[PDB]
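Remarks on the structure that follows.
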Amino acid sequence: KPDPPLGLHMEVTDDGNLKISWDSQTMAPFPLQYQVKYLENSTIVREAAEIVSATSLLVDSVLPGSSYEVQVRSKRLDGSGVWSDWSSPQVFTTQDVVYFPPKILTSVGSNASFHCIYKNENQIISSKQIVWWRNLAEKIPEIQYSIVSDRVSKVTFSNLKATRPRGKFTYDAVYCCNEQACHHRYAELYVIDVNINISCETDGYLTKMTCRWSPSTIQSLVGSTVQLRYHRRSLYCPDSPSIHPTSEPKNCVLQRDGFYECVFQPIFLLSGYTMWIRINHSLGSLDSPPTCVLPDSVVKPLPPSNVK
Amino acid sequence: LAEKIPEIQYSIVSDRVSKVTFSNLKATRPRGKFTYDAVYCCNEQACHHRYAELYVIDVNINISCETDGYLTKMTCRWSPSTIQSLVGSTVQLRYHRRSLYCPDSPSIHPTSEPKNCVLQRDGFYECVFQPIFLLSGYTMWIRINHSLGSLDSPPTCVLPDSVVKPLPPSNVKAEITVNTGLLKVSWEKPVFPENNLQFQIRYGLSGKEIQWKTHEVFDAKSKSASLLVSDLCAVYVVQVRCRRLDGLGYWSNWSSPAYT
Amino acid sequence: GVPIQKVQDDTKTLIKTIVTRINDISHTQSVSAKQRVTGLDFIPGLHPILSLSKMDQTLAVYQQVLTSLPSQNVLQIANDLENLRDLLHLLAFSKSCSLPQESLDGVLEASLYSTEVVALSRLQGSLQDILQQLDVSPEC
Ligand code: NI
Ligand code: NI
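This is the structure in structure tokens:
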């Protein structure tokens, strides 16, 4: 008889969907299937029960402002196993207005879209009335709007401009509104100047490579790690700088002039070095346009000697 | 044990108790590492081993200070030069704030709080108050907690609005008036304060050394001025500064130079 | 002891000072103060603030809101709001009259940006109204 599943957790996916995850029995030497009995106390209350072999379950199109109570039981996959007792019920609650995605981090000139689900007194208003708003200042033009469905509204921004900071905030606040009625919740937009010119230079003894870059753009996002990633293949650079996905990070150090510098020593003199800059935020990861190099071609000459 | 204290300053509390008195004390000039006076009460000519100490301390601390140009941080400076002889005691700033303005008598309201301060390379301790009530009454002084007890500087109070540093007036333009040859000067007032302001203007011919002539504007509504210049075809360097019309503040730094 | 004309002038200068402060938050000047936003209905926005006790309780709520916003400028300004309430206390003492004395956290985590920008532009409107009526014989 298997033990009840534990670690009952619910999270909301990027697509606005519900994922329920629970911890399987590591001590069990046998495969386990799990029955998840979940009830939603929305405006329409319903109950369902499913059987899943994995430790995760996905439910599409979660309703705003709804309660979700979940119980899970486990059973042995092979043989006449006995269903375990139900797990401790876990309750997850949703909010007023739904976004698709909650947030976006991207670069300049991209094509980033969005969708909103607006709730107005338990009435999912038609998308024809949903109005997109940028930071409570200017309304988004209707031309960029789109109707995914009558209830789902959509907008899109092509040729994204760099998010110009306003105060300490580094993200555009996007609202969807019931005509002149605007709710309080929003979505965050981060557009960053990802174009970084890495300046590598070679010592006179052909032993070490000092690389520099000014992250003047990046000193606005906190909570995001910044690092340099690189990969080297046998010889030379393919004419299209690209990432063999196997990459490794290089530790680099700040300088008094605000630049980040780091040195490679010793060096593979005739070998192709590709590198770029990785920014790992809670939202995800952003990478600079990759650049490659041959060390031998980037050597600063030593001064001529023995001059009379 | 240097000179006998006069009998006039002596007193007989009882046949068993002797007394000395020092009215209108002068500063105890330190000798060696002994800032005090080492008093000895003795059986006539020669003495017992017992000894006592008398301290006169120049605790009159000149606490002078300034509010920033944004009314968002205020800083006070005081030089603990006198206390640069005593060790074993603690020196700090103690301040009491009550709701609005200062009572006519700067005095220690019994409830008070300490203020952390940092010594600078200039030999002055500076204390930065932020956040800011613009119109609260802040009295403060210097507390010396020695093994003897607590000494306190003459308390002084402050209203921050009085010690606001005026920002230099912005957007100053100097030009040569057409058909009259006058120097026309315009400027933009600093965002603060709300008081009426007097304005001082220094102007001269452009050069390495500039003879600074001065003109004064007494009405705040006047945002512009015109003056006579001997040379009508030479570059003139002009700077402007502003002060509160009532003068309860400081003189702003000279504005950026304007070249005709 | 307390000069009432001086207190009235200092009150006006302080109001205009706060107005300039709100003018320095670049992102707030372009947001419609009167625009209604669902969820922040507890903030005492534009709703005729026509009496000293209502003015006092309005500024008290605004202070309680600002205490939770993590910006340094608005916090010291909340301190200025303390000075403003004390000035109104002196004015009510001048006119003779007694003056008596939750969901914000949830919106603070989920939507901080909206809460500050709205709280500030509605505050600016409330104070601008107060200014336009701090001379038509304010009453307790
Ligand atoms: Ni390869
Ligand atoms: Ni008192």
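Protein chains in written order, with the entry's author numbering: chain B, 235 to 542; chain D, 370 to 629; chain C, 21 to 121, 129 to 167. All C-beta atoms, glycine included, are put in the ideal place defined by N, C-alpha and C.
* Asked: Which full runs of the beta strand (DSSP E) of 3+ residues lie inside the region 276-304 of chain B, going along the chain?
  -> As far as the region 276-304 of chain B is concerned, its whole beta strand (DSSP E) runs of at least 3 residues are 279-286 and 290-293.
* Beta carbon of residue 413 of chain B nearer than 9 Å to that of residue 363 of chain B -> yes
* Taking just the CA atoms, how far does residue 529 of chain B sit from residue 432 of chain B? -> 13 Å
* Taking the alpha helix (DSSP H) that residue 80 of chain C falls in, what are its first and last residues? -> 72-88
* Proximity test, Cβ basis, 9 Å: residue 36 of chain C and chain D -> For residue 36 of chain C, the nearest CB of chain D lies under 9 Å from its own CB, placing it at the interface with that chain.
* Asked: Comparing the CB of residue 467 of chain B with every heavy atom of ligand 1, is any distance shorter than 8 Å?
  -> For residue 467 of chain B, the distance from the CB to the nearest heavy atom of ligand 1 is below 8 Å.
* To do: For residue 401 of chain B, name the three-state secondary structure that DSSP assigns.
  => Three-state result, residue 401 of chain B: coil.
* Which runs of the alpha helix (DSSP H), 4 residues or longer, sit entirely within the region 30-55 of chain C? -> Runs found: 46-49.
* To do: Tell me whether residue 417 of chain D counts as near ligand 2, meaning its Cβ is closer than 8 Å to at least one heavy atom of that ligand.
  => no
* Can a CB atom of chain C be found closer than 9 Å to the CB of residue 493 of chain D? -> At a cut-off of 9 Å between beta-carbon atoms, residue 493 of chain D makes no contact with chain C.
* To do: Would you be able to state if there are at least three C-beta pairs under 8 Å between the region 33-43 of chain C and the region 399-419 of chain B?
  => no
* **Between the CA atoms of residue 463 of chain D and residue 482 of chain D - distance to the nearest angstrom** => Note on geometry: alpha-carbon atoms of residue 482 of chain D and residue 463 of chain D lie some 6 Å from one another.
* Where the beta strand (DSSP E) through residue 414 of chain D begins and ends -> Residue 414 of chain D -> no beta strand (DSSP E), and no H or E assigned at all.
* Asked: Hey, would you say the C-beta of residue 515 of chain B is under 8 Å away from at least one heavy atom of ligand 2?
  -> no
* Asked: Name the chain B residues that come within less than 7 Å of residue 45 of chain C, Cβ to Cβ?
  -> 401
* Asked: Does the beta carbon of residue 420 of chain B sit closer than 9 Å to a beta carbon anywhere in chain C?
  -> yes
* So with Cβ pairs under 9 Å, would you call residue 416 of chain B a contact of chain C? -> So yes, residue 416 of chain B belongs to the interface.
* **Best match in D:541, D:565 and D:547 for proximity to residue 557 of chain D [C-alpha to C-alpha]** => D:541
* Check the Cβ of residue 371 of chain B against every Cβ in chain C and list those closer than 7 Å, keeping chain order. => 50 and 51
* Would you list, in chain order, the members of the region 466-478 of chain D that have their beta-carbon closer than 7 Å to a beta-carbon of chain C? => 468 and 469
* **Interface residues of chain D facing residue 102 of chain C [CB-CB closer than 7 Å]** => 502
* Asked: Do the CB positions of residue 461 of chain D and residue 512 of chain D come within less than 9 Å of each other?
  -> At the C-beta level, residue 461 of chain D and residue 512 of chain D come within 9 Å of one another.
* To do: List the whole-angstrom C-beta distance separating residue 277 of chain B from residue 258 of chain B, where the pair is believed to meet the contact cut-off of C-beta under 8 Å.
  => Their Cβ separation, rounded to whole angstroms, is 34 Å, which puts residue 277 of chain B and residue 258 of chain B out of contact at 8 Å.
* To do: Reducing DSSP to helix, strand and coil, say where residue 595 of chain D ends up.
  => Judged by DSSP in its simplified three-state form, residue 595 of chain D adopts strand.
* State the DSSP-derived secondary structure class of residue 152 of chain C, mapped to helix, strand or coil. => helix
* To do: Could you run through the region 73-100 of chain C and flag, in chain order, every residue whose CB is less than 9 Å away from some CB of chain D?
  => Of all residues in the region 73-100 of chain C, only 92, 93, 95, 96, 97, 98, 99 and 100 come within less than 9 Å of chain D when Cβ atoms are compared, listed by chain position.
* Asked: What distance in whole Å lies between the Cβ atoms of residue 611 of chain D and residue 535 of chain D, which are believed to be in contact at a cut-off of 8 Å?
  -> 5 Å
* Asked: Expressed to the nearest angstrom, what Euclidean distance is found between the alpha-carbon atoms of residue 44 of chain C and residue 570 of chain D?
  -> 28 Å
* Asked: Is residue 584 of chain D near ligand 2, with its Cβ less than 8 Å from a heavy atom?
  -> no
* To do: Measure the alpha-carbon distance for residue 434 of chain B versus residue 507 of chain D and round it to whole angstroms.
  => 57 Å
* Check whether the Cβ atoms of residue 311 of chain B and residue 267 of chain B lie closer than 9 Å to each other. => yes
* **Residues that residue 156 of chain C contacts on chain D, provided the C-beta gap is smaller than 7 Å** => Near residue 156 of chain C there are no residues of chain D at all, since even the closest Cβ is about 19 Å away, more than 7 Å.
* **Segment limits, alpha helix (DSSP H) that includes residue 112 of chain C** => 92-115
* How many whole angstroms separate the CB atoms of residue 562 of chain D and residue 609 of chain D, which I take to be in contact at a CB cut-off of 8 Å? -> Not confirmed; about 16 Å, so no contact.
* Answer yes or no: the CB of residue 478 of chain D versus the heavy atoms of ligand 2, is any distance below 8 Å? => yes
* Asked: residue 435 of chain B bridges to which residues according to DSSP?
  -> B:444
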